[PDB]
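So the chains spell out like this:
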Amino acid sequence: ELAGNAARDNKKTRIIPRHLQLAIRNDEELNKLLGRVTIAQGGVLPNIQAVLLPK
Amino acid sequence: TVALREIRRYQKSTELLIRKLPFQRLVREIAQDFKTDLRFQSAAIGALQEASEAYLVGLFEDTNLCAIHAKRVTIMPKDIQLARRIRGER
Amino acid sequence: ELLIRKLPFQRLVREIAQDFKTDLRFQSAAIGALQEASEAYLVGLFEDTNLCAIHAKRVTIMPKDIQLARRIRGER
Amino acid sequence: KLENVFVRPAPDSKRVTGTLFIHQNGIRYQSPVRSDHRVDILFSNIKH
Amino acid sequence: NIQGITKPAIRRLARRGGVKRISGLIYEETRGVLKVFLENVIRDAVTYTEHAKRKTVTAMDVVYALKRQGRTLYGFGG
Amino acid sequence: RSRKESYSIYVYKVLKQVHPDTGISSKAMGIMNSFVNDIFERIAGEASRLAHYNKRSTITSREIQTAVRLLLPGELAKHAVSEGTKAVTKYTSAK
DNA sequence: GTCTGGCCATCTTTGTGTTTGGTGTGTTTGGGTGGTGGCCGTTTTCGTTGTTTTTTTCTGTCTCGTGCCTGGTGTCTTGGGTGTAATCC
DNA sequence: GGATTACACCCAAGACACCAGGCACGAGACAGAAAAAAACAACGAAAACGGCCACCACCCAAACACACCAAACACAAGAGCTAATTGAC
């Protein structure tokens, strides 16, 4: 369910590993459950630290 | 500015950032120190590369956290050593 | 020797246990093991906090060092 | 002489390369930018 | 063959990790860390292979060696 | 030939049950199969350890339920226990 | 010109499906014991009370350390400038 | 005679991050007299844990059965890697 939501959010009709990674790391309970697993071709969440942003 | 452009570009893509042949040569060089005439399925090398890059990216995230904690933009070897000590690796 | 007082710790443990099932009994060795584990855990956490505080060129440990330590450990 | 050497502690806030000279009873560091930033060290005063 | 991990590749890995500025010794430090990691993982994999009485290292050996370390990997037949 | 089993058809059926107009790549189907196998292994290992702690020769639904409670977080464990109890009662009521 | 988007002209092999068929789950019945249930024992956990005294605490005092502000470095890039350069009346 | 003009290309400067020194105000350590309750010991009561014996439903095991699950590869097509740029600002 969450992976299909994530794939529609990207306007795709097929689920790829990227959407699985986004669904897992975006859900608190799942991300706590799958805390040690790495997903091939899953990537990382977009995350830029506050102090690195330009001024 | 190009640094942030690259950060945005690389947190979007998922493609492997190491060239395949250098990583294969490194793997074979390392493996040759445990047993000669070993063969590797291409999927084994692919899995190793995925795991190694995921590990290195997580380590670089912890290193970035340490560097920001010290109030620095620049990551330093002492940051890496501190992150690896706190993880429980060194 | 254990540093947290034994009876206050017993009362804390009972108070926390009062949420998951009403009117539980505890072995004494259970409370002793809990105290040993808690103190070992806290000492390790203070080690990591001291490492972070020294990293920041300081000598005083502050709550953000604890937060960084728990983040790097992978604690929620 | 040994050329293009930095000294620590620096005699001035500005880090500048200097030349180290061997003399009869010690060594002399001498900055090219200012003659007044000489550091003289006697052999008798070196422990290690 | 450890030189094959060039400086741009480490820069790319740090940029995907969100790192904005990089020292000059980070490259050697990272090469050492990667070498240690790969040494451990390949040693475990080769142990699995020798036990299975094989001369080829399969993907199952790598997956079990990562499960041994706690680095569970999905998508390779696990 | 090599007739090796997987969960691909069941995952596909579940997907079409939740998302009708959405497909899945083969690499994601592989990842989902690995995920199912992993979770199975975790639950079965916990159930085995519990059975051996309690000196029993049988893995029943009580062991499975308490392993689910031990493993999953609060709301997730609650929903999963609800689903499991519902299914067990519906299966037991009929025959 | 910045930036995230909704799309393109071409690459690549994937993704959903039908198909053949066989094996693996499903029905049937029989046996043996594991696991519930009940009943009894008795250890052990909670509960309280008195007396002692170590530990906690409130507070004061002073100083040392944290945090803010500064000069100067190296470094990439943008811009104004000028002298080299030169031909036309 | 001598001035108006054509042309590479160098130096001043801005924006970015850092090590080191200095200065200051406060928050934390240390000490001291005081209130607190942990701890030690004692005795009492009894919930519940460990054990035992019985009895049956539950799961393993055969054997025969048929339908759901596997791979091949037919058939249809996801949307990347490629290059320019709708749309607010």
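What counts, and where the lines are drawn
- Residues numbered from 1 in each chain as written, not as in the entry; some residues may be left out.
- Chains lettered and ligands numbered in written order.
- Part of a larger assembly, values for the part shown.
- Heavy atoms only, no water.
- Core = buried A, V, L, I, M, F, W, Y, C linked by side-chain atoms within 4.5 Å.
- Buried < 20%, exposed > 50% of the residue type's maximum accessible area, 1.4 Å probe, protein only.
- Helix = DSSP H or I, 4+ residues; strand = E, 2+ residues; numbered from the N terminus.
- Contact = heavy atoms within 4.5 Å.
- 1 Å grid on protein atoms, 1.4 Å probe; cavity = no way out; pocket = protein on both sides within 12 Å on 5 of 7 lines; lining within 4 Å.
- Points joined across faces, edges and corners; volume = space filled by probe spheres on them.
- Nonpolar A, V, L, I, M, F, W, Y, C, P; charged D, E, K, R; others polar.
- Patch = residues over 30% accessible without salt bridge, like charges linked within 9 Å, V, L, I, M, F, W, Y side chains within 5 Å.
- Areas by Shrake-Rupley, 256 points an atom, 1.4 Å probe, with all protein chains shown as cover.
- Salt bridge = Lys/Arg side-chain N within 4 Å of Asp/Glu carboxyl O.
- Buried area = accessible area lost by both parts, 1.4 Å probe.
- Polar contact = N/O pair within 3.5 Å; in protein donor to acceptor, adjacent residues only side chain to side chain.
- Pairing = 2+ DSSP bridges.

Per the PDB record, this model was obtained through cryo-EM at a reported resolution of 3.9 Å.

Glancing now at the nonpolar core. Core analysis: the biggest nonpolar cluster contains 54 residues, and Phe 60 of chain B together with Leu 38 of chain E have the highest contact counts within it. Among the secondary structure elements, those contributing two or more residues to this core are α2 (20-31), α3 (42-69) and α4 (77-87) of chain B, α3 (63-73) of chain C together with α1 (7-16), α2 (26-51) and α3 (59-69) of chain E. In terms of residues, this core owes the most to one element, α3 of chain B, which gives 13 residues. Not counting residues within four places of it along the chain, the set of residues in contact with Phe 60 of chain B comprises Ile 75 of chain B together with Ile 10, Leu 13, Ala 14, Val 19, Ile 26 and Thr 30 of chain E. Counting 17 residues, the second-largest nonpolar core is a separate cluster that includes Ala 3, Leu 20 and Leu 34 of chain A together with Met 29 of chain F.

The next thing to look at is the layout of surface pockets. The calculated volume of the second largest pocket comes to roughly 1,500 Å³. In terms of lining, the second largest pocket is formed by 43 residues, of which the most central are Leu 30 of chain A together with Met 32, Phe 35, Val 36 and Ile 39 of chain F. Secondary-structure elements contributing two or more residues to the lining of the second largest pocket are α1 (2-9), α2 (17-26) and α3 (28-33) of chain A together with α1 (8-18), α2 (26-53), α3 (61-71) and α4 (74-93) of chain F. Its residues assigned to classes, the lining of the second largest pocket comprises 33 nonpolar, seven polar and three charged.

So, on to unusual backbone geometry. For the bond running from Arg 8 of chain D to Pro 9 of chain D, omega is -10°, close enough to zero to count as cis. As for its placement among the helices and strands, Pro 9 of chain D is situated in the loop between β1 (2-5) and β2 (18-22). The backbone phi angle of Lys 71 of chain B is positive, close to 55°, even though this residue is not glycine. Within the secondary structure, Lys 71 of chain B sits in the loop between α3 and β2 (74-75). Overall, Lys 71 of chain B belongs to the exposed group, its relative accessible area being 77%. A positive phi angle, near 60°, is found at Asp 23 of chain C, a position not held by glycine. As for its placement among the helices and strands, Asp 23 of chain C is situated in the loop between α1 (6-17) and α2 (28-55). What makes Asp 23 of chain C exposed here is its relative accessible area of 69%.

Moving on: a nonpolar patch on the surface. A surface patch of nonpolar side chains, amounting to about 420 Å² of accessible area, comprises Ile 4, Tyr 41, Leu 42, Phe 46 and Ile 61 of chain C. Counting through the fold element by element, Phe 46 of chain C comes out in helix α2.

A few words on the interface of chain E and chain B. In this assembly, 42 residues from chain E lie in contact with 50 residues from chain B. By the criterion of area lost to chain B, the three top residues of chain E are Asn 1, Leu 13 and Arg 16 of chain E, representing 18% of everything that side buries. On inspection of chain E and its partner chain B, the count reaches one salt bridge. We note a salt bridge from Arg 15 of chain E to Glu 6 of chain B, for which the minimum N-O separation is 3.5 Å. Our count for the chain E to chain B interface comes out at 14 residue pairs in polar contact. Looking at the side of chain E that touches chain B, the elements that each hand over two or more residues are α1, β1 (21-22), α2, β2 (56-57) and α3 of chain E. In terms of residue class, the side of chain E that touches chain B is made up of 23 nonpolar, eight polar and eleven charged. Taken together, the two bridges between β2 of chain B and β1 of chain E define a ladder with parallel strand orientation. Counted as the bridge partner of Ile 75 of chain B is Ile 22 of chain E from β1 of chain E.

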